[PDB]
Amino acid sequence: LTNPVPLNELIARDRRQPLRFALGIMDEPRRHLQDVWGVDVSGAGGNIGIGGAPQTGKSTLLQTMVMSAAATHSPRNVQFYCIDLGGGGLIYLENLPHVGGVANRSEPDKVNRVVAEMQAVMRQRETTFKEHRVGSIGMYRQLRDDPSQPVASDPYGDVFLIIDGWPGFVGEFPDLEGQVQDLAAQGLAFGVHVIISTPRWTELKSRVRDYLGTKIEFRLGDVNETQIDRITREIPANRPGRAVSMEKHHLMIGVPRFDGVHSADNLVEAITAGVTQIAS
């Protein structure tokens, strides 16, 4: 599809599910139908890897993901921490109560504090789950919905670390790579998630990439480097927002706006209007 669907229409057309974030439109070609596509982050799809050549729509998808999550979940249950090294676009998400912080190049201390905070949660969750005899993240999410449970005082729910621009991240923060690897491989059992974009899959090493259970792939510089399959060869050139994912169906990512406008024009202004509208 060429014109992106705005989030207000995607949310409205979607059958909502806890920890389902609607993201765009999936062409399901056997029958002629085109439904709302999203990600289930409640289980093994909880970590997400995003690949694609320059200007293909990686940062916009992250904006759409966070806005979509924030429009359909409470800030008590979903929190995002953002490391923005992919164009600066994540800053316009920071006034959402779901977003605990957006860190960029101009404040390296915050990039370090953000990773350290994700580690603190996962590492507190490990002790908490044992001491409170919590059998699974699924059970932990239920217990937190009961205000009489000791665990319900945890202000955190499912916590997502977003890294837009992996090679620049490892390039400027080499010692944080190992900490993020540990979050990706151990976090999901404790409700700690990792979401990473990269221009090339080869720059996102196995030991991290293998723990991103949902891969989303825009048009690649080298189709031989796909993390999906040969379907990626079908993505049209110069169509930002066109992607493929694990179900091997073409996708058109929607836009992070709520004003009914089917384009990515004037998006900075529309994102803020969306955040305001989400305040409901």
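Numbers for residues come from their place in the sequence shown, where the first is 1.
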**Fill in**
Entry B factor averaged over C-alpha atoms, 60 to 68 against 226 to 234: higher for 226 to 234
**Prompt:** As stated in the PDB record, which stretch has the larger average Cα B-factor, 79 to 87 or 110 to 118?
**Reply:** 110 to 118
**Prompt:** Hey, out of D164, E172, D210, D158, whose CA B-factor is highest in the deposited coordinates?
**Reply:** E172
**Prompt:** Highest Cα B-factor in the PDB entry belongs to which of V180, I195, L204, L188?
**Reply:** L204
**Message:** Looking at the temperature factor on the CA atom of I48, which third of the chain's modelled residues does it land in?
**Reply:** lowest
**Asked** Lowest, middle or highest third of the chain for the C-alpha temperature factor of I216?
**Response** lowest
**Prompt:** Lowest, middle or highest third: where is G274 by C-alpha B factor in its chain?
**Reply:** highest
**Fill in**
Of the three thirds of the chain ranked by Cα temperature factor, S148 occupies the highest
**Third assignment of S74 from its chain's C-alpha B-factors** = lowest
